[PDB]
Amino acid sequence: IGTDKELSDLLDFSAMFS
Amino acid sequence: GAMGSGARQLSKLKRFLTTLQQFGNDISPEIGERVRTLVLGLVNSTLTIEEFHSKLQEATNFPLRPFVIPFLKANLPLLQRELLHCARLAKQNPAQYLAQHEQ
């Protein structure tokens, strides 16, 4: 996916797998 | 290749920090100082990725993606190298140490 990829590829993990 | 690719990582580092910075911008008037000190420290060669991320967990809460701490290690060369240029213009006496911690 995109949008703040640099921030997502390092921050947050549960909010995406939940 | 060209001379000056270290500018790339600064995009994620300068951006990432802006998020975790607020994650703990409600603890006390010192965290705001911690987050600021953590970043300046990691760049001042007085910190480290494993430490910055490990410590930031308190002030900014870095415990996120298990692969987040390693990222800074890959982009660190850019943030350090690129920032080293401007840092050279200052070259003060780091021996002063204002925070001083065990780490």
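Residues numbered from 1 in each chain as written, not as in the entry; some residues may be left out. Chains lettered and ligands numbered in written order. Heavy atoms only, no water.

Turning our attention to the UniProt feature "domain: TAFH" in chain B. Mapped onto the present numbering, the UniProt feature "domain: TAFH" falls at residues 7–102 of chain B. The straight-line gap between the two end C-alpha atoms of residues 7–102 of chain B is 31 Å; of that span, 64% is helix and 0% is strand. (UniProt positions renumbered as here; feature names shortened; annotations may be inferred. Helix = DSSP H or I, 4+ residues; strand = E, 2+ residues; numbered from the N terminus.)

Right, let's talk about helix α3 (residues 49–59) of chain B for a bit. Residue and element names in this part refer to chain B. Residues of α3 that are buried include every one of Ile49, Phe52, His53, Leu56 and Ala59, and no others. Buried residues of α3 fall within an arc of 115° about the axis and therefore sit on the same side. Facing away from the buried side of α3 by over 90 degrees, the exposed positions are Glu50 and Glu58. The inward-facing, buried residues of α3 contact α1 (10–23), α2 (31–43) and α4 (68–90). (Buried < 20%, exposed > 50% of the residue type's maximum accessible area, 1.4 Å probe, protein only. Arc of directions from axis to C-beta. Contact = heavy atoms within 4.5 Å.)

The periodicity of an α-helix, 3.6 residues per turn, causes residues three or four places apart in sequence to face the same way. Compared with the 20 Å implied by 1.5 Å per residue over 14 residues, the 20 Å span of α1(B) between its first and last C-alpha is a close match. For α1(B), every residue scored as buried is listed here: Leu13(B), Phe16(B), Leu17(B) and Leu20(B). With its buried residues spanning 105° around the axis, α1(B) presents them on a single face. Residues of α1(B) that are buried in the fold lie against α1 (5–8) of chain A together with α2, α3 and α4 of chain B. (Expected span 1.5 Å × (residues − 1).)

On to the interface of chain B and chain A, then. The interface is formed by 13 residues belonging to chain B together with eight residues belonging to chain A. Of all residues in chain B, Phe16(B), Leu64(B) and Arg65(B) give up the largest surface area on contact with chain A, accounting jointly for 49% of the area buried on that side. For the interface between chain B and chain A, the tally reads zero salt bridges. Between chain B and chain A we count two residue pairs in polar contact in total. Elements supplying a minimum of two residues to the side of chain B that touches chain A: α1 and α4 of chain B. Here the side of chain B that touches chain A gets seven residues from one element, more than from any other, and that element is α1(B). For the side of chain B that touches chain A, the per-class residue count stands at eight nonpolar, two polar and three charged. (Buried area = accessible area lost by both parts, 1.4 Å probe. Salt bridge = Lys/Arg side-chain N within 4 Å of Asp/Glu carboxyl O. Polar contact = N/O pair within 3.5 Å; in protein donor to acceptor, adjacent residues only side chain to side chain. Nonpolar A, V, L, I, M, F, W, Y, C, P; charged D, E, K, R; others polar.)

Another aspect to go through is the packing of aromatic side chains. All names here are of chain B. In this structure the tally under the stated criterion is three aromatic pairs over all chains. Centre to centre, the rings of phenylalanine 16 and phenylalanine 62 are 6.0 Å apart; their planes meet at 25°, and the pair counts as stacked. Taken as a pair, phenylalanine 16 in helix α1 and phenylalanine 62 in the loop between α3 and α4 lie far apart in primary sequence, 46 residues in all. Residue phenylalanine 62 is classed as buried on the basis of its relative accessible area, which comes to 3%. Between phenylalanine 16 and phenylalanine 71, the ring centres sit 5.6 Å apart and the planes meet at 50°, which makes this aromatic pair tilted. You can see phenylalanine 16 sitting in helix α1 and its partner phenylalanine 71 sitting in helix α4, a full 55 residues away along the chain. Pair check on accessibility: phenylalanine 16 and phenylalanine 71 agree, each one buried. Ring-pair connections join several aromatic residues into one group, and the members of that group are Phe16, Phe52, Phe62 and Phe71. (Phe/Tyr/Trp six-rings, centres within 6.5 Å; stacked < 30°, edge-to-face > 60°.)

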